[PDB]
């Protein structure tokens, strides 16, 4: 048996979802998915990353839901609750407050940020401690770090599903 982890990325148009996926998988910057084999501690896993109705089953199979906003656009941060709630509604996870979400505040390379780090960290903390990363898909800042945690938390979820045949 091999270990396949499904990860989906949500967030407003233009925040950097496609760029983050490409930077992570291909280290290049410029309904579908890319795949990458990653080691989690000493366990090899294949992450299948899906870029964004798509239908309920699309969401139901996910092991981690990544939420992305643009630190220079307060409106994309404001929609995070809607993206989180919509994923919950579509995926119907059995332990909503523990399902793995990872939030990425992207484009930190643009010095005139409009959303404060503390504000975004507080939002994440208040949803049962969702992990938070500030990234730059353009300059490859914290992208490997963010996705390593996405991989580890998706593995935890996938393990839970497999061990209790959920």
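Residue numbers count along the first chain shown, from 1.
Coordinates are given for every residue of the deposited sequence from residue 35 through residue 36, so that no gap is recorded there. The modelled chain is continuous from residue 126 to residue 127, since every residue of the deposited sequence in that stretch has coordinates. Looking at 61-69 and 40-48 together, the entry lists the larger mean B-factor for 40-48, computed on C-alpha atoms.
The mean C-alpha temperature factor is higher for 10-18 when 149-157 and 10-18 are set side by side.
Out of 104, 140, 115, 54, the entry records its largest CA B-factor for 54. Among the modelled residues of its chain, residue 90 has a C-alpha B-factor that falls in the lowest third, as given in the PDB entry. In this PDB entry, residue 163 carries a Cα temperature factor that places it within the highest third of its chain's modelled residues.
In the PDB entry, a CA B factor belonging to the highest third of its chain's modelled residues is recorded for residue 111.
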